[PDB]
Amino acid sequence: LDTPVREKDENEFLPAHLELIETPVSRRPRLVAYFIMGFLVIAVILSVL
Amino acid sequence: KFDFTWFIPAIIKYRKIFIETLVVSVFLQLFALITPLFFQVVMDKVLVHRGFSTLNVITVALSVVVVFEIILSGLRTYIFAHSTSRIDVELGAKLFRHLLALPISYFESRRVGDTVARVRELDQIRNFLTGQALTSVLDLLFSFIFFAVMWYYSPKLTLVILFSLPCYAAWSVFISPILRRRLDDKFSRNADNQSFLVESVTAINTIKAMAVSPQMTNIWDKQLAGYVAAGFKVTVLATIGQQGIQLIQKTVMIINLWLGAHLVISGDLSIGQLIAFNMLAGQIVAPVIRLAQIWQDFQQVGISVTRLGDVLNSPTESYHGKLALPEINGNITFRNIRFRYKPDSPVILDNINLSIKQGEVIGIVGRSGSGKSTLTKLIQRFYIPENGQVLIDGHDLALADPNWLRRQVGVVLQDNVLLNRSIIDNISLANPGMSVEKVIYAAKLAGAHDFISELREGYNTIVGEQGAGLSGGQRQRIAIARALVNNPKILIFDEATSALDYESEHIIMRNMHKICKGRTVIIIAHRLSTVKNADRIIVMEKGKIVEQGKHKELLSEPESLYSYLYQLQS
Amino acid sequence: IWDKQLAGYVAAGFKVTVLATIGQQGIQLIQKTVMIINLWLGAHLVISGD
Amino acid sequence: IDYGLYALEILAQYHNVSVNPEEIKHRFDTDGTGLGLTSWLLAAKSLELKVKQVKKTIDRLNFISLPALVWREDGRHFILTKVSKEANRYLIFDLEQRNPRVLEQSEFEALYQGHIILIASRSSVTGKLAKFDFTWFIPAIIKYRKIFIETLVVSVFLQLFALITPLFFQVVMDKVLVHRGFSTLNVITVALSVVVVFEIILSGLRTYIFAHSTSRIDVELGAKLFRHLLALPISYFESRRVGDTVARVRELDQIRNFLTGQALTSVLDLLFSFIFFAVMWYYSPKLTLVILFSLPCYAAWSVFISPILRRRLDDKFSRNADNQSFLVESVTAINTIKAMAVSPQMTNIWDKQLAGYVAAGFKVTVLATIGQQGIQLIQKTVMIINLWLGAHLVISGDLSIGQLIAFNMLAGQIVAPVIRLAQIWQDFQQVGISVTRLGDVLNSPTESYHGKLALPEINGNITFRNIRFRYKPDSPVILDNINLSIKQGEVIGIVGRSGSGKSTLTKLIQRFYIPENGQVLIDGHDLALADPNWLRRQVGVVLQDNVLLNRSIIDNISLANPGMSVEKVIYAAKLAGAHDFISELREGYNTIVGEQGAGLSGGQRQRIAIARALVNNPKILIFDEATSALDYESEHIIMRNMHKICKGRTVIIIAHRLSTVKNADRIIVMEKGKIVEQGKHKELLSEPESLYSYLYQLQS
Amino acid sequence: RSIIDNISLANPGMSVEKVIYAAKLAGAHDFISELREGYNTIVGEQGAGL
Amino acid sequence: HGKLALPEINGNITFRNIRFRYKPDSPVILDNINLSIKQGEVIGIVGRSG
């Protein structure tokens, strides 16, 4: 959690890589869907109980 | 030591207004406490029993209470900011006065951007002080009135809040140090970036005269990527802290809801009492929420204070205040001086012994590496000799006031650095309120009036940079005028004619008898034709005196190295 | 020169802070007035009905 | 000797400001022999340091910051430094007997008079490019903020006052008539009398205060306008007409007539009409909705009509400016009009211009009338709709007759300021035009050459360096490669044929002509960006034809410094040979010279101009064909006094006749823009193969 | 006005032939011609341009 | 303007009617400098200051 900035973290913000990468995606692409479906299934199993 | 005890005298000096701010804060807390009582009264005795006149009374009282509370809060914020502005002004003045008094070895071992960033930390501190961070601390501290009222209402829920507070304290204690470390890393990267930017903008002429844009751009890209990564880490930690605070707030909110529902069900608590208790609990937590989103401000002001301490804890070459030693007559003498650039560097001077009388134009010559160039930096107390003493007018320079000595002595170097101001602003730097006629006379003495005549703007021409916009000879003539426009008892010419052509040098040498009138002038130059009209010429070899005397007294004998040097020069 | 410039900078910063505080207080005043009006109207609505 | 000037110089030197006493004395000591407190404070503020003359007792001098100037009414000022209560002594820099000296308490009490001036310096004004426009009035409003806050308070209280009368009418109608309620009508009558008296008094006070403050703002604007106007380059005035600038300045009087009027008070009353809106919404929302829908109709009508009125007023102002230019040019040159008998042509031109002007004015009047009638139509339509709706809303209960008439009165009170604004629509548009045309003058590059160099006095060292000059960009070149150098105290003569270019050197030395290539240097300083007041104050130029101001003989001679003693004016007149005919006049001196010297002859004005140029003691004196309009006696007097005239000056004598420059230390012959020969008189005359010899033989 | 308008001030409707004749008689033809605008040069206010 | 990639440089320098000023209205430094330097040629340029 308190790890210093490494080269892996530094390369994500290198302007050359950002220039090459077109149509960029988020670092957490499917987490929102996972959490929303988890909320929906927890709600539906709470409603039946 | 400047860490945090420096602000205590500032607080106590302004104690009579800070106590007033504290009393205004407690009155604001009382004003805030008033309103939930009015909601409880409305919910328990207006909605239940009867009547609308009591509702009108509550509304009309609440309107003026709210207006007064808003005005009082604004006044408290204004007064606190006004009081802290004076403290930050005092800190800034002290910081700059300390910065100007530091020794030259401090600046020679560092970069410009480092000091610039350490001084922008002053602006960071000023923004922290003149803000709404300490007012939130006051609001949080003065919330025990709410606790007393809540304990009057219900002890169980008050105990729940009282146990929630240590959760906030422990969460802050746990999540603070890592944020401070990340902000330390971010500040280090920011200082490096500022230093690179200053260095690249200052030397843009060489960057563009050469073709190294790609190298500079690559370095800038890497530095920017690192800095933004550090900033993102700091943002992530701040967000984690804020969400951790919100979790505790909502958990205790839910627990209070459950316990209050069970309480109201079992009697011994009305619904309006529960609503007022909930509003009081929210008003207690609101300062914590408002303080949890300025966490970076707290850690950054701590780090800025640490960096200001780093600047302000170094020793100063400040002053020697003893009897206010009088003016200088141009009597310089050296007694067994040996000097070393570093303690682990070869020796330059070994047993240089010298004595110069008032009004004596003395020339010092030699070859590269002879060590004649260090005498000018030794006369000013910049270079400290290994052992020996440098005496000016009988008084040791190691115990005298540096500013006094360096004010009495004027030095012209091989290359001189001006400021980004007008020509007259550079000539009269030591006394800007000085008469223009003196500036014109000094410029005419140095031969600088002629080349200024072909300038469209005249003496108002702004030197583009340290020396940009003027040639080398023009800069040398401007520096000579700046040295001469005062009344220096000692003049030093340290290859001050290398950049000049034959005509400008001839014009300067014709005025040399007006320049040397009543002053002790020391001429140091590679060429032997400049010290021809000197009262005494001195030859140095590897830090030792091998020959001295008049030019002919030395030119007559071919056995001397002076004759060999003159033959090579011709 | 530094003292003059620092004094000017601090004065400008204080003016900015003062106007920011004034704006925040005005928005708080609007919010609180709306709260009072809603409390009064809601009291009438709950006493009457609907 | 002036002690205020020396004290200001010392205090500016202490605060790191460089000051030339002569420049300050030039622009802040108009009336000679004494600065004075107000001009001293203005001069101190000119150097960007704040000062204030304050009331301080002797016991409070230990807390003020030093140095401070002690202003004495006798004119013998002194500077106080380092007040010490250790020995109750006061260190003081004595202006007279320049060295400092220490004084005890007893004699400080004798010197001190309870007057002291505090001096301090704080940064400077950041550079900006603020073109003149309506945004110029924002800082003036900020400066006069206390008065405007007072005006806002009075306006809101007046609006509250106007709300009482409809309420009183309602209570009278609803209770007094119904219940036969006497002893209530009396209370309403007394309260109404009090209310109307107080509202009348408050309206009068608001008008008084607002008019006073707007008059002060207009005074500031006019002072700024004239100061800008006098600093414009001469090429600005050479391409315009007098009437154009005169009209552009009278637009300031138009602005003044606007500011001290009912327009802004009517606007203030208009913005404060929501207080009535709340009450009328309390009465009945059905008619307040009609009023709220009516207001956008007013706004749309005004927005539609304004641009056309602005265009018509642009045309009207163009007509007015051309008419003023024609009138000024025809009255100024009335002698030529009478002599040439060209009255019919002037009358025809005047008739055409007057007819066009009246047509434009009539068009503006018609458009304003139709706009006012359009606003009346909306007002009356809303009135009819409200009458119908009120009749229905009274027939079915829910509203009373007194409430209805109170609503009608409130609606009338709301709409009345709109009507009175519509009555002065032309004033609003004309003020917009006035501001634009005033900015047409206030937005122009001035040659004032603002800076902080403060160049010293002039030694008469003139130098031309590769001078090339064209009258206009497409004109043929007048001077090709003039290279000249004149030393101090050197009497010099320039001769040649007409068109050679000798006549433009006078206007090159002064910064009236800008060379195409090269630079003119005085004392080594390039004049291209120097202060014009620094240069032209120390250069005395006598032209072939000079003009005077209708003030007096002595006021024309000593115009540049009215502080000259009568003895110096008499001496200057004697040198020029003008004292003889001045003394024999009916009034002697103090004689009005008329419009550009009408009462004086053409050869007398030349001597008056010579005396005027001599009285100011210039460092460089130029005689540009001065003695060509005089007879033999006056010219002989001038040449005999030339030896006293030329003492201590760099004198340049440009003349057609070679006999004028015979005694010059160095003669320059010019031909078609080139210096072909130069030397002494005998050196140049002894060569028959030159141009000077040919010109001397031809004229002899 | 222009040179030709001033020369023909006493009768604004006059042909260039008489203007040329009068200018030759007065000896001003040459200088006016040497100008760029010729007889159409504006003299300025009160003939300040000449 | 040229987006094309010019080839490498041979040492042929040519000044064609060069006129230069430091500022928009400052005195002319170079009036009509015309020069031509061939490849591999050593050129010495001397003169007074200014």
# chains A, B, ... in the order shown; residues from 1 in each chain; ligands from 1
>>> residues_around(residues="residue B:26", least_positions_apart="4", cutoff="12 Å", atoms="only C-alpha atoms", output="VMD selection string")
chain B and resid 19 to 22 30 to 33 69 72 to 73 76 135 138 to 146
>>> write_last_selection(atoms="N, CA, C and O atoms", output="mmCIF file, in the first residue's frame")
data_model
loop_
_atom_site.group_PDB
_atom_site.id
_atom_site.type_symbol
_atom_site.label_atom_id
_atom_site.label_comp_id
_atom_site.auth_asym_id
_atom_site.auth_seq_id
_atom_site.Cartn_x
_atom_site.Cartn_y
_atom_site.Cartn_z
ATOM 1 N N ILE B 19 -7.690 34.928 21.313
ATOM 2 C CA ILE B 19 -8.681 34.636 22.345
ATOM 3 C C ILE B 19 -10.066 35.082 21.895
ATOM 4 O O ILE B 19 -11.065 34.382 22.125
ATOM 5 N N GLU B 20 -10.152 36.240 21.239
ATOM 6 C CA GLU B 20 -11.430 36.699 20.711
ATOM 7 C C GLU B 20 -11.968 35.743 19.655
ATOM 8 O O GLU B 20 -13.174 35.472 19.614
ATOM 9 N N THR B 21 -11.095 35.227 18.786
ATOM 10 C CA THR B 21 -11.536 34.239 17.804
ATOM 11 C C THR B 21 -12.042 32.973 18.485
ATOM 12 O O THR B 21 -13.020 32.369 18.031
ATOM 13 N N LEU B 22 -11.388 32.549 19.568
ATOM 14 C CA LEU B 22 -11.863 31.380 20.305
ATOM 15 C C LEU B 22 -13.255 31.617 20.885
ATOM 16 O O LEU B 22 -14.127 30.735 20.825
ATOM 17 N N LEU B 30 -22.645 27.605 19.981
ATOM 18 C CA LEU B 30 -23.942 27.799 20.632
ATOM 19 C C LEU B 30 -25.030 28.130 19.612
ATOM 20 O O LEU B 30 -26.149 27.595 19.679
ATOM 21 N N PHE B 31 -24.718 29.012 18.658
ATOM 22 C CA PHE B 31 -25.681 29.362 17.616
ATOM 23 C C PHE B 31 -26.095 28.134 16.819
ATOM 24 O O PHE B 31 -27.275 27.966 16.488
ATOM 25 N N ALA B 32 -25.133 27.271 16.491
ATOM 26 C CA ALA B 32 -25.451 26.031 15.793
ATOM 27 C C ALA B 32 -26.312 25.119 16.655
ATOM 28 O O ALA B 32 -27.222 24.455 16.148
ATOM 29 N N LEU B 33 -26.034 25.068 17.959
ATOM 30 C CA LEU B 33 -26.812 24.225 18.859
ATOM 31 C C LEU B 33 -28.265 24.676 18.946
ATOM 32 O O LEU B 33 -29.159 23.849 19.166
ATOM 33 N N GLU B 69 -25.735 33.981 12.845
ATOM 34 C CA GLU B 69 -24.718 32.936 12.782
ATOM 35 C C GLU B 69 -23.873 33.060 11.520
ATOM 36 O O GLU B 69 -22.648 32.904 11.571
ATOM 37 N N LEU B 72 -21.562 36.061 11.919
ATOM 38 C CA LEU B 72 -20.517 35.791 12.899
ATOM 39 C C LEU B 72 -19.464 34.839 12.344
ATOM 40 O O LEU B 72 -18.267 35.019 12.594
ATOM 41 N N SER B 73 -19.887 33.820 11.593
ATOM 42 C CA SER B 73 -18.924 32.908 10.984
ATOM 43 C C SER B 73 -18.049 33.628 9.966
ATOM 44 O O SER B 73 -16.826 33.420 9.931
ATOM 45 N N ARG B 76 -15.540 35.735 11.910
ATOM 46 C CA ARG B 76 -14.483 34.925 12.507
ATOM 47 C C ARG B 76 -13.468 34.488 11.463
ATOM 48 O O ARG B 76 -12.255 34.531 11.708
ATOM 49 N N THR B 135 -9.752 26.738 11.239
ATOM 50 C CA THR B 135 -11.113 27.002 11.696
ATOM 51 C C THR B 135 -11.890 25.705 11.884
ATOM 52 O O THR B 135 -12.669 25.572 12.836
ATOM 53 N N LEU B 138 -10.809 24.291 15.113
ATOM 54 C CA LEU B 138 -11.498 24.957 16.215
ATOM 55 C C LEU B 138 -12.920 24.433 16.369
ATOM 56 O O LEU B 138 -13.389 24.189 17.489
ATOM 57 N N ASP B 139 -13.625 24.257 15.249
ATOM 58 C CA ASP B 139 -14.988 23.734 15.299
ATOM 59 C C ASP B 139 -15.014 22.332 15.894
ATOM 60 O O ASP B 139 -15.885 22.007 16.710
ATOM 61 N N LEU B 140 -14.068 21.485 15.489
ATOM 62 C CA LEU B 140 -13.983 20.140 16.047
ATOM 63 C C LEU B 140 -13.669 20.169 17.537
ATOM 64 O O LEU B 140 -14.242 19.390 18.307
ATOM 65 N N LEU B 141 -12.767 21.057 17.960
ATOM 66 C CA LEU B 141 -12.374 21.108 19.363
ATOM 67 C C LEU B 141 -13.496 21.631 20.251
ATOM 68 O O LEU B 141 -13.651 21.166 21.386
ATOM 69 N N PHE B 142 -14.284 22.584 19.761
ATOM 70 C CA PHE B 142 -15.333 23.202 20.563
ATOM 71 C C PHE B 142 -16.674 22.491 20.450
ATOM 72 O O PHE B 142 -17.714 23.134 20.622
ATOM 73 N N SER B 143 -16.681 21.192 20.167
ATOM 74 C CA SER B 143 -17.925 20.437 20.026
ATOM 75 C C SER B 143 -18.359 19.736 21.309
ATOM 76 O O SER B 143 -19.308 18.947 21.234
ATOM 77 N N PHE B 144 -17.735 19.963 22.468
ATOM 78 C CA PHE B 144 -18.174 19.292 23.687
ATOM 79 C C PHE B 144 -19.530 19.790 24.176
ATOM 80 O O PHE B 144 -20.187 19.092 24.955
ATOM 81 N N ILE B 145 -19.961 20.976 23.742
ATOM 82 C CA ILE B 145 -21.305 21.447 24.071
ATOM 83 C C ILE B 145 -22.348 20.511 23.474
ATOM 84 O O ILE B 145 -23.344 20.153 24.123
ATOM 85 N N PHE B 146 -22.137 20.108 22.219
ATOM 86 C CA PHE B 146 -23.022 19.138 21.589
ATOM 87 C C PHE B 146 -23.031 17.831 22.364
ATOM 88 O O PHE B 146 -24.080 17.199 22.517
#
>>> select_by_dssp(residues="chain E", states="helix (DSSP H, G or I)", output="list in words")
residues 3, 4, 5, 6, 7, 16, 17, 18, 19, 20, 21, 22, 23, 24, 25, 26, 29, 30, 31, 32, 33, 34, 38, 39, 40, 45, 46 and 47 of chain E
>>> atom_distance(atom1="atom CA of residue E:8", atom2="atom CA of residue D:596")
26.2 Å
>>> closest_atom_pairs(of="chain F", to="chain D", cutoff="12 Å", atoms="only C-alpha atoms", output="tab-separated table")
residue	atom	partner	partner_atom	distance
F:21	CA	D:517	CA	11.8
F:24	CA	D:517	CA	11.8
F:25	CA	D:517	CA	8.6
F:26	CA	D:518	CA	8.6
F:27	CA	D:518	CA	6.5
F:28	CA	D:517	CA	8.5
F:29	CA	D:518	CA	11.7
F:31	CA	D:517	CA	11.9
>>> residues_around(residues="residue B:227", least_positions_apart="6", cutoff="9 Å", atoms="only C-alpha atoms", output="ChimeraX atom specification")
/A:10 /B:185-190,193
>>> residues_around(residues="residue D:535", least_positions_apart="5", cutoff="9 Å", atoms="only C-alpha atoms", output="short mmCIF file (atom, residue, chain, number, x, y, z; two decimals) with N, CA and C atoms, in the first residue's frame")
data_model
loop_
_atom_site.label_atom_id
_atom_site.label_comp_id
_atom_site.auth_asym_id
_atom_site.auth_seq_id
_atom_site.Cartn_x
_atom_site.Cartn_y
_atom_site.Cartn_z
N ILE D 458 20.75 70.08 -20.49
CA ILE D 458 21.35 69.98 -21.82
C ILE D 458 22.56 70.90 -21.91
N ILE D 509 15.54 69.00 -34.87
CA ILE D 509 16.12 69.14 -33.53
C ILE D 509 15.03 68.98 -32.48
N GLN D 510 13.93 69.71 -32.64
CA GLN D 510 12.71 69.36 -31.93
C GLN D 510 12.14 68.09 -32.53
N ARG D 511 11.47 67.29 -31.71
CA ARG D 511 10.92 66.03 -32.22
C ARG D 511 9.55 66.23 -32.86
N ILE D 522 21.33 64.79 -28.89
CA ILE D 522 21.66 65.96 -28.10
C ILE D 522 22.44 65.49 -26.88
N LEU D 527 17.27 61.30 -29.39
CA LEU D 527 15.99 61.94 -29.10
C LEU D 527 14.79 61.10 -29.52
N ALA D 530 13.08 60.26 -26.29
CA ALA D 530 13.30 61.13 -25.15
C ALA D 530 12.01 61.85 -24.76
#
>>> residues_around(residues="residue D:154", least_positions_apart="4", cutoff="9 Å", atoms="only C-alpha atoms", output="JSON list (two decimals) with C-alpha atoms, in the first residue's frame")
[["chain", "number", "residue", "atom", "x", "y", "z"],
["D", 149, "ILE", "CA", -23.97, 52.88, -1.05],
["D", 150, "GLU", "CA", -25.72, 55.87, 0.55],
["D", 158, "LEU", "CA", -37.85, 55.60, -1.22],
["D", 159, "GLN", "CA", -39.21, 52.38, -2.72],
["D", 202, "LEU", "CA", -35.31, 61.99, 0.55],
["D", 203, "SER", "CA", -35.71, 62.13, -3.24],
["D", 205, "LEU", "CA", -31.34, 64.57, -1.08],
["D", 206, "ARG", "CA", -30.62, 61.55, -3.28]]
>>> interface_residues(of="chain D", to="chain C", cutoff="10 Å", atoms="only C-alpha atoms", output="ChimeraX atom specification")
/D:121-124
>>> atom_distance(atom1="atom CA of residue D:395", atom2="atom CA of residue D:283")
15.4 Å
>>> residues_around(residues="residue D:588", least_positions_apart="3", cutoff="12 Å", atoms="only C-alpha atoms", output="list in words")
residues 552, 553, 554, 570, 578, 579, 580, 581, 582, 583, 584, 585, 591, 592 and 593 of chain D
>>> closest_atom_pairs(of="chain C", to="chain B", cutoff="8 Å", atoms="only C-alpha atoms", output="CSV")
residue,atom,partner,partner_atom,distance
C:2,CA,B:96,CA,7.7
C:3,CA,B:93,CA,6.5
C:6,CA,B:89,CA,7.3
C:7,CA,B:89,CA,7.2
C:10,CA,B:85,CA,7.1
C:14,CA,B:81,CA,7.5
C:17,CA,B:130,CA,7.5
C:18,CA,B:78,CA,6.6
C:21,CA,B:74,CA,6.6
C:22,CA,B:74,CA,7.1
C:25,CA,B:70,CA,6.3
C:28,CA,B:70,CA,7.4
C:29,CA,B:70,CA,6.7
C:32,CA,B:66,CA,7.0
C:33,CA,B:63,CA,7.4
C:36,CA,B:59,CA,7.0
C:40,CA,B:59,CA,7.0
C:43,CA,B:47,CA,6.8
C:46,CA,B:47,CA,6.9
C:47,CA,B:47,CA,5.7
>>> interface_residues(of="chain B", to="chain A", cutoff="9 Å", atoms="only C-alpha atoms", output="PDB file with C-alpha atoms, in the first residue's frame")
ATOM      1  CA  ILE B 178       2.431   6.835   4.535  1.00  0.00           C
ATOM      2  CA  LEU B 179       0.776   9.914   3.023  1.00  0.00           C
ATOM      3  CA  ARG B 181       6.182   9.741   2.867  1.00  0.00           C
ATOM      4  CA  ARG B 182       4.445   9.864  -0.520  1.00  0.00           C
ATOM      5  CA  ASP B 185       8.659  11.780  -2.665  1.00  0.00           C
ATOM      6  CA  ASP B 221       9.160  13.579 -20.334  1.00  0.00           C
ATOM      7  CA  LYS B 222      10.686  11.195 -17.797  1.00  0.00           C
ATOM      8  CA  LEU B 224       6.953  14.713 -15.755  1.00  0.00           C
ATOM      9  CA  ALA B 225       5.913  11.052 -15.822  1.00  0.00           C
ATOM     10  CA  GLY B 226       7.541  10.425 -12.448  1.00  0.00           C
ATOM     11  CA  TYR B 227       6.027  13.547 -10.892  1.00  0.00           C
ATOM     12  CA  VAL B 228       2.522  12.703 -12.115  1.00  0.00           C
ATOM     13  CA  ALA B 229       2.882   9.121 -10.859  1.00  0.00           C
ATOM     14  CA  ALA B 230       3.818  10.425  -7.404  1.00  0.00           C
ATOM     15  CA  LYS B 233      -0.148   7.880  -5.468  1.00  0.00           C
ATOM     16  CA  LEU B 237      -3.965   7.575  -0.425  1.00  0.00           C
TER      17      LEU B 237
END
>>> residues_around(residues="residue F:19", least_positions_apart="2", cutoff="7 Å", atoms="only C-alpha atoms", output="ChimeraX atom specification")
/F:17,30-33
>>> atom_distance(atom1="atom CA of residue D:673", atom2="atom CA of residue D:482")
7.3 Å
